[PDB]
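*Asks:* Questions regarding the structure given below will be posed in turn.
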Amino acid sequence: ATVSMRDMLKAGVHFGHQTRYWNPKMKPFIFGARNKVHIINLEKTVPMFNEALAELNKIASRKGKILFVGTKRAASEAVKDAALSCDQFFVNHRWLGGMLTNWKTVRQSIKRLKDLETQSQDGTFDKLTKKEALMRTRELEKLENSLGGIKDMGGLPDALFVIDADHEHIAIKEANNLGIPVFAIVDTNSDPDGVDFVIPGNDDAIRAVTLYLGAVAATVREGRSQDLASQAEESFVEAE
Amino acid sequence: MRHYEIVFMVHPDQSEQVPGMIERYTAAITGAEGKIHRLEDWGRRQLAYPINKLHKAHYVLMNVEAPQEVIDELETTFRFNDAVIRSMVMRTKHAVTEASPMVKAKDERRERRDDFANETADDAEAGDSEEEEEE
Amino acid sequence: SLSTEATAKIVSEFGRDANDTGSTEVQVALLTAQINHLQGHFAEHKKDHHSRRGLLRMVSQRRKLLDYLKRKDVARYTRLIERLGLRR
Amino acid sequence: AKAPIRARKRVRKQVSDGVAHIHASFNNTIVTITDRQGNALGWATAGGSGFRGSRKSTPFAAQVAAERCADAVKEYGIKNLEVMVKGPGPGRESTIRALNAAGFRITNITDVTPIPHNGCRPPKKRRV
Amino acid sequence: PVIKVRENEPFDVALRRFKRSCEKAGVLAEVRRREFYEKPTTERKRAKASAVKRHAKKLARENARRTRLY
Amino acid sequence: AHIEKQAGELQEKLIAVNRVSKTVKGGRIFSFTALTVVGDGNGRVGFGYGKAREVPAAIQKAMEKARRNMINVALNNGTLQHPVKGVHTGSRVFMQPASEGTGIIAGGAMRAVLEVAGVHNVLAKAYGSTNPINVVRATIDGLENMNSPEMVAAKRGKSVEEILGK
Amino acid sequence: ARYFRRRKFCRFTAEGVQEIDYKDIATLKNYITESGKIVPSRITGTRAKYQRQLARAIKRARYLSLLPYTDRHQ
RNA sequence: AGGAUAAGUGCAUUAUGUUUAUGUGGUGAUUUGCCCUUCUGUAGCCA
RNA sequence: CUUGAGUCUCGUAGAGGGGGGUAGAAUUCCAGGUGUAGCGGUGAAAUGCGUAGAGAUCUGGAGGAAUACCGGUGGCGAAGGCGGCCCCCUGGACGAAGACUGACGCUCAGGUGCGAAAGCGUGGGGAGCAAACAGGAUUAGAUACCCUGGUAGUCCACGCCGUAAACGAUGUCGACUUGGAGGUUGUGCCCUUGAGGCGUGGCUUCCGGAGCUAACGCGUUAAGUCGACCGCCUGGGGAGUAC
Numbered sequence: 001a002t003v004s005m006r007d008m009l010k011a012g013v014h015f016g017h018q019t020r021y022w023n024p025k026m027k028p029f030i031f032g033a034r035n036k037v038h039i040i041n042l043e044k045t046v047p048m049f050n051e052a053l054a055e056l057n058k059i060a061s062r063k064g065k066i067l068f069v070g071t072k073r074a075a076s077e078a079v080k081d082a083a084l085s086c087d088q089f090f091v092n093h094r095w096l097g098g099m100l101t102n103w104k105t106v107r108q109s110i111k112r113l114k115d116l117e118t119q120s121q122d123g124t125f126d127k128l129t130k131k132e133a134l135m136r137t138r139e140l141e142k143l144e145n146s147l148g149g150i151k152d153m154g155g156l157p158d159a160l161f162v163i164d165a166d167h168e169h170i171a172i173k174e175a176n177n178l179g180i181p182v183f184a185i186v187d188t189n190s191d192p193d194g195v196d197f198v199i200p201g202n203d204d205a206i207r208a209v210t211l212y213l214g215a216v217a218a219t220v221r222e223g224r225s226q227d228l229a230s231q232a233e234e235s236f237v238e239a240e
Numbered sequence: 001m002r003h004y005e006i007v008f009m010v011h012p013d014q015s016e017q018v019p020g021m022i023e024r025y026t027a028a029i030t031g032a033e034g035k036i037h038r039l040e041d042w043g044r045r046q047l048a049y050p051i052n053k054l055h056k057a058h059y060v061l062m063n064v065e066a067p068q069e070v071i072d073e074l075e076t077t078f079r080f081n082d083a084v085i086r087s088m089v090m091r092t093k094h095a096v097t098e099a100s101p102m103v104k105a106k107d108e109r110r111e112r113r114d115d116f117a118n119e120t121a122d123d124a125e126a127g128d129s130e131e132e133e134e135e
Numbered sequence: 001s002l003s004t005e006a007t008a009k010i011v012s013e014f015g016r017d018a019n020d021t022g023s024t025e026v027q028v029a030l031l032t033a034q035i036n037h038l039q040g041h042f043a044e045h046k047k048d049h050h051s052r053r054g055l056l057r058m059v060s061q062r063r064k065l066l067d068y069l070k071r072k073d074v075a076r077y078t079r080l081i082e083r084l085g086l087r088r
Numbered sequence: 001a002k003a004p005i006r007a008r009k010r011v012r013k014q015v016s017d018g019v020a021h022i023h024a025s026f027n028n029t030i031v032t033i034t035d036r037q038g039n040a041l042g043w044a045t046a047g048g049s050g051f052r053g054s055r056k057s058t059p060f061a062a063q064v065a066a067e068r069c070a071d072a073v074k075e076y077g078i079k080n081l082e083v084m085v086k087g088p089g090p091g092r093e094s095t096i097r098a099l100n101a102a103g104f105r106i107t108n109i110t111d112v113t114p115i116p117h118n119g120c121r122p123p124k125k126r127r128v
Numbered sequence: 001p002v003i004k005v006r007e008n009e010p011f012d013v014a015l016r017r018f019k020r021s022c023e024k025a026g027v028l029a030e031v032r033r034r035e036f037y038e039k040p041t042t043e044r045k046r047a048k049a050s051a052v053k054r055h056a057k058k059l060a061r062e063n064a065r066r067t068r069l070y
Numbered sequence: 001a002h003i004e005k006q007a008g009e010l011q012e013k014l015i016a017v018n019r020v021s022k023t024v025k026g027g028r029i030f031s032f033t034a035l036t037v038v039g040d041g042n043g044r045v046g047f048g049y050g051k052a053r054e055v056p057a058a059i060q061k062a063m064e065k066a067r068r069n070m071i072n073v074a075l076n077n078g079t080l081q082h083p084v085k086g087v088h089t090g091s092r093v094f095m096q097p098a099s100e101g102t103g104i105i106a107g108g109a110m111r112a113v114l115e116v117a118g119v120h121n122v123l124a125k126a127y128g129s130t131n132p133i134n135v136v137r138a139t140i141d142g143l144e145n146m147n148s149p150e151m152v153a154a155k156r157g158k159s160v161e162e163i164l165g166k
Numbered sequence: 001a002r003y004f005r006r007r008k009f010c011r012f013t014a015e016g017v018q019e020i021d022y023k024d025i026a027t028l029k030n031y032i033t034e035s036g037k038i039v040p041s042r043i044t045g046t047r048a049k050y051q052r053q054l055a056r057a058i059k060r061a062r063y064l065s066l067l068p069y070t071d072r073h074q
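Chains as they are written, first to last, in the authors' numbering: chain AE, 1 to 240; chain AI, 1 to 135; chain AR, 1 to 88; chain AN, 1 to 128; chain AX, 1 to 70; chain AH, 1 to 166; chain AU, 1 to 74.
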């Protein structure tokens, strides 16, 4: 178990994120300013994560349909990368609302989506005006890239994995409205209140987004050894 | 009693008055149970602009401690003197009885900013001959 | 302003004669010396209302301490109040 | 707003060099050439061919003022120039370029712009 | 305002747009202001107020990169 | 597309109706806005404002919004166990304990809102803004200041609330 | 590293010493432009302590013509 | 010779971003304003 | 008793109060020298000033308000209030250790005391600007809008009833409630590494959490949680007038 906080004494930083005053309610779990700007360190996140690392164990016991949502300029690859497993679905293009609350319409549009995708990729999408077809193709690709998470997955996910807060406000906004428990990675410009499970950290890169949420940890890997007597008998391969 | 840092400046053509007066002022101060904690003359300088016509003046840092009634009367006398043109006095708190390093800035004045004449002999007669006297 | 040699004379004449400046008699006699000092200023001019706020502070407080004192002991009160003069 | 260009007509000095004084405002420029002993060898201004409104202070009315005065001081037999500048007003640069293009040196462009201490009250009869 | 000394990468015209900052900084930077002793704190002296818009302009440079408009 | 809460009983309390105007920009369209209250019989925080082209499509929209992001809440007997003064956004309403011997006493749409709320015998005077849109918060704020019975002795009454989590 | 105070260039765009006394001239120029005149504290982010005390200390010196006062003395 | 931090080359109209005449009062869109639930209940109003 | 408050020396910030001292430069003027036609004003403009030689410029004198930029969201005063710089006389606040007193506390009907500004009596004083009054420009006009001459006034000091947007816009003062940072400051510590950070206080401001508002907004200086004790309101207009 201890391996997950053996890695937080090893990464955790961003050296600040935004503003001189930052978000006051995360101040306890985090380091204060130095030389006319704001700096953060990995050191102030380990006393918090000495018990709070037990929540990665509760999203791995019921694991089957997980959704990694909220992409950013350096966080996008990390949303793909922690969700690289085959029980775990992900987007690569920015999320927008109604993808969980008007899920009705979205599932009608998925059902359209995989049909026009087999058509476009076989070559069967031709029109005597090539412009009207190639332009529909570019926009179909953006749908595929945006929806790829819920697209191949059996329905509304059993948790919602928000990596970013800073620009991907909506992914957290809709998770509270569907009542689905939240699995959150918060930065020093975001509060740890109003979400059910946290990693204290930063929102970018592989510093907190798969360093506890992968095979290198022990706490996402002892939750999953508790799935093997509840709904399955063997399922530990699927997941990271 | 307390220290009030007088610095004051002198007109060229009038300089010959000061070697007599300063020594009379040192006798007014110590005759009132104060002390002269410095009395360094700095030499002749080019002023940053004219003051009471002519472009050059001669600098003296007197640095008084004295009872408060008398220091107000010497500063007024020195600004209104018939050879000293202006003076400035600063406060006792968050400050020194002996000022900052002007040691270089004095020599520079003597070396290069000087006319070399009678008026600049008087400057040296006004700070580098005594620091306290009874007249 | 108030200085060391006025303050020492007051401790010598009023309250305990050492190491006390805080007690009711001597506290009143230290305030007296600043009221006198303010009346020293008020012998140059009389449009001094922004300072008068302060004069009335030092009086109002003498009223507070004279009240306390006369409720503790009528001796310290009647002595103090006459030995520090003021009014016709 | 131009001084005598023709010879023998008025008193000459012919000292090879002078100083010019530029008073730059948002409503005019006064460009006035003087002797190094301190006596006027000619002037012009930016209403010297009738600019009025904003156009009276702009680089182009500042330039033609500098070109009127610079012309005349060649019969007072001056060849070299120095400039004093007074105000953050417009055409303050177009005027320098004009003196140097008139066939003079302009190596020392001496700011001496005066400071009022705001002893006056400016005209108000309004909201601003 | 043209300044006696020259700018960097210099030419024979001196100009204030390169190496001035304190010249006519409250002397004529004023428009019809009358003699006042407390009115400037809210009329004139808008430094807190004006600093915010500049801060907002430095804030938007990060935020365009972060949305990947570049 | 959301979870919803239900009651085994029908509420279709239409409280208000309005129309949307832009007046030059596309001129003025026929659209309506509507406010509709969905209780439970013992209460809900259920309040829904929605909008559409026509009045029927509009109310049914608004009736949907009165049962999503909302949960039911519950109170034993036709009275409230606290004399408290519920305030929500300048519409301020009052309650005091009472008998069963009185039922409702109220008018307009308010008598219909209080019946599902369980606070109709305790119904005391309203003050501040008492037009339809905000008067109807009885069953929301007046059930968030709630008290409800669970004790056998009045002198165990504060002890019994402490041990409910200790 | 302890009690090595001012061992180096630290604080300031340019390290003068004192701010309230004005008797030296060669360590105040650190905070004075070429026009002969005080640095504008808004543009620079001056060290506030040293700037507040230099506002009286430069005027005293100015009135004693140790420094220029106004732009015409450039 | 300290007008030499040399612009800290940190700098950009530098703190009112202003002014050359006006024209009455109300007026469009409905008579079922109705199509989600057992019991504790509802829109003219009901299981 | 100290858990409230008061007081001594030590230190520190600031335009608090009262009274003294002092320099440079734009407008303005005179003089002489040099020198010729526009100058001014503004949205653009005309009235204005000027050939009796204006405008500008060199030299030297005149004079009074005024004093930048530093100066900031700073700081001070009782609130309104205080602004060139300095000292004398003195207040009131800000910090720290040694030391003392030990509810001496809170509020306040009545109350006395007390002015930004102009109004205003006398004394000081007048360069610029200005109600009025004239004239221009504008237009259905043009008293508003905008300018130009031009006076009391502005500008100084006290004095007479102290007017107001006379304010932590929020009574008085105090206790308690996650902070961070700005301005700028006592002081411990730093590479004193740039109005910084950390330690511990300071007023003073941004940002936002628990809680609050109708909204803006407030949020450790509350508009939160409250305390005592006093002030004041009961639709608008007509009326801050009448009486």
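From the three backbone atoms N, C-alpha and C, an ideal C-beta is built for every residue, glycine too.
Looking at the C-beta of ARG61 (chain AX), does it have a partner C-beta in chain AE at a distance below 9 angstroms?
*Replies:* Counting from one through the fifth sequence, the residue named residue 61 (chain AX) turns up at place 61. No - not a single Cβ of chain AE is within 9 angstroms of the one on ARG61 (chain AX).
*Asks:* If we cut at 9 angstroms on Cβ distances, does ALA1 (chain AH) have a partner in chain AE?
*Replies:* Here residue 1 (chain AH) is taken as the residue at index 1 of the sixth sequence, counted from 1. Cβ-Cβ to chain AE under 9 angstroms: yes for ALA1 (chain AH).
*Asks:* What residues of chain AU sit near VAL5 (chain AX), judged by a beta carbon separation below 9 angstroms?
*Replies:* Position 5 of the fifth sequence, counted from the start, is the residue given in the question as residue 5 (chain AX). Those are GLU34, listed as they occur along chain AU.
*Asks:* In angstroms, rounded to a whole number, what distance separates the CA positions of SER146 (chain AE) and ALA106 (chain AH)?
*Replies:* Numbered from 1 along the first sequence, position 146 holds the residue referred to as residue 146 (chain AE). Numbered from 1 along the sixth sequence, position 106 holds the residue referred to as residue 106 (chain AH). Straight-line Cα distance between these residues: approximately 54 angstroms.
*Asks:* For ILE133 (chain AH), which residues from the same chain have a beta carbon less than 8 angstroms from its beta carbon, with the 5 sequence-adjacent residues on both sides left out?
*Replies:* Counting from one through the sixth sequence, the residue named residue 133 (chain AH) turns up at place 133. Excluding positions up to five away in sequence, the list reads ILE15, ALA16 and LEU35.
*Asks:* For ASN80 (chain AN) and chain AX, any beta-carbon pair shorter than 9 angstroms?
*Replies:* Within the fourth sequence, residue 80 (chain AN) is the residue found at index 80, counting from 1. Not an interface residue.
*Asks:* Give me the subset of the stretch 96-121 of chain AE whose CB atoms are less than 7 angstroms from a CB atom of chain AH, sorted by chain position.
*Replies:* Result list: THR101, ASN102, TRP103 and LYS104.
*Asks:* From the DSSP output, in three-state form, read off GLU33 (chain AI) for me.
*Replies:* One-based indexing of the second sequence puts residue 33 (chain AI) at position 33. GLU33 (chain AI): coil per DSSP, three-state reduction.
*Asks:* Within the chosen definition, does the stretch 24-44 of chain AE reach the stretch 21-32 of chain AX through at least 3 CB pairs nearer than 8 angstroms?
*Replies:* With the cut-off at 8 angstroms, the stretch 24-44 of chain AE and the stretch 21-32 of chain AX do not touch.
*Asks:* Do the stretch 18-35 of chain AR and the stretch 67-74 of chain AI meet, that is, are 3 or more Cβ pairs less than 8 angstroms apart?
*Replies:* Contact between the stretch 18-35 of chain AR and the stretch 67-74 of chain AI is absent, because fewer than three Cβ pairs lie under 8 angstroms.
*Asks:* What's the gap between the Cα of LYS104 (chain AI) and the Cα of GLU111 (chain AI)?
*Replies:* The residue you call residue 104 (chain AI) lines up with position 104 of the second sequence. The residue you call residue 111 (chain AI) lines up with position 111 of the second sequence. The alpha-carbon atoms of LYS104 (chain AI) and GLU111 (chain AI) are separated by roughly 10 angstroms.
*Asks:* Tell me whether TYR127 (chain AH) sits in a helix, a strand or coil according to DSSP, three-state version.
*Replies:* Residue mapping note: residue 127 (chain AH) aligns to position 127 of the sixth sequence, counting from 1. DSSP places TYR127 (chain AH) in strand when its eight states are reduced to three.
*Asks:* Spatial neighbours of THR24 (chain AR) within its chain, please: C-beta separation below 7 angstroms, excluding the five flanking residues on both sides.
*Replies:* Here residue 24 (chain AR) refers to the residue found at position 24 when the third sequence is read from its first residue. The answer, listed in chain order, is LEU65, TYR68, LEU69 and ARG76.
*Asks:* Check each residue of the stretch 141-175 of chain AE: if its Cβ is closer than 7 angstroms to any Cβ of chain AX, include it; give the result in chain order.
*Replies:* Cβ contacts with chain AX come from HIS167.
*Asks:* Give every residue of the same chain whose Cβ lies closer than 6 angstroms to the Cβ of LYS79 (chain AN), excluding the five residues on either side of it in the sequence, and list them in chain order.
*Replies:* One-based indexing of the fourth sequence puts residue 79 (chain AN) at position 79. Same-chain partners within the cutoff: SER16.
*Asks:* Residue range of the alpha helix (DSSP H) that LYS64 (chain AR) falls in?
*Replies:* Numbered from 1 along the third sequence, position 64 holds the residue referred to as residue 64 (chain AR). Unbroken alpha helix (DSSP H) run through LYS64 (chain AR): 49-72.
*Asks:* To which residues does DSSP link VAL84 (chain AI) through a beta bridge?
*Replies:* Here residue 84 (chain AI) corresponds to residue number 84 of the second sequence, with the count starting at 1. Paired residue(s): AI:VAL10.
*Asks:* At what residues does the beta strand (DSSP E) containing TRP43 (chain AN) begin and finish?
*Replies:* Indexing the fourth sequence from 1 puts residue 43 (chain AN) at position 43. Segment 40-45, the beta strand (DSSP E) holding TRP43 (chain AN).
*Asks:* Are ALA7 (chain AH) and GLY50 (chain AH) close, meaning C-beta to C-beta below 9 angstroms?
*Replies:* Numbered from 1 along the sixth sequence, position 7 holds the residue referred to as residue 7 (chain AH). Numbered from 1 along the sixth sequence, position 50 holds the residue referred to as residue 50 (chain AH). Against a cut-off of 9 angstroms, the Cβ pair of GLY50 (chain AH) and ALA7 (chain AH) comes out as no contact.
*Asks:* If you follow the beta strand (DSSP E) that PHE47 (chain AH) is in, where does it begin and where does it stop?
*Replies:* In the sixth sequence, residue 47 (chain AH) corresponds to position 47, counting from 1. Per DSSP, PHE47 (chain AH) belongs to the beta strand (DSSP E) from 47-52.
*Asks:* My output table needs one value for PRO200 (chain AE): the three-state DSSP class, helix, strand or coil.
*Replies:* Here residue 200 (chain AE) is taken as the residue at index 200 of the first sequence, counted from 1. If DSSP states are grouped into helix, strand and coil, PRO200 (chain AE) belongs with the strands.
*Asks:* Does DSSP classify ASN102 (chain AE) as helix, strand or coil?
*Replies:* Within the first sequence, numbered from 1, the residue matching residue 102 (chain AE) stands at position 102. Note: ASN102 (chain AE) maps to coil in three-state DSSP.
*Asks:* Can you give me, in chain order, the residues of the stretch 86-110 of chain AI that have a beta carbon less than 8 angstroms from any beta carbon in chain AU?
*Replies:* Those would be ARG86, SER87, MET88, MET90, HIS94, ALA95, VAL96, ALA99, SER100, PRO101, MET102, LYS104 and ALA105, in chain order.
*Asks:* Kindly indicate which residue of AR:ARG57, AR:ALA29 and AR:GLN34 has the alpha-carbon position closest to the one of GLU82 (chain AR).
*Replies:* As a first step, residue 82 (chain AR) must be located in the third sequence, where it is residue number 82. Taking only the C-alpha atoms, the option nearest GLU82 (chain AR) is AR:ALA29.
*Asks:* Run down chain AX in chain order and give the residues with a C-beta less than 7 angstroms from the C-beta of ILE43 (chain AU).
*Replies:* Against the seventh sequence, residue 43 (chain AU) aligns to sequence position 43. Correct list: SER21.
*Asks:* Going along chain AX, which residues have a C-beta under 8 angstroms from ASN100 (chain AN)?
*Replies:* Taking the first residue of the fourth sequence as 1, we reach residue 100 (chain AN) at position 100. Per Cβ cutoff of 8 angstroms: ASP12 and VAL13.
*Asks:* Are the stretch 148-159 of chain AH and the stretch 76-84 of chain AH touching by the rule of at least three beta carbon pairs closer than 8 angstroms?
*Replies:* Short answer: they touch.
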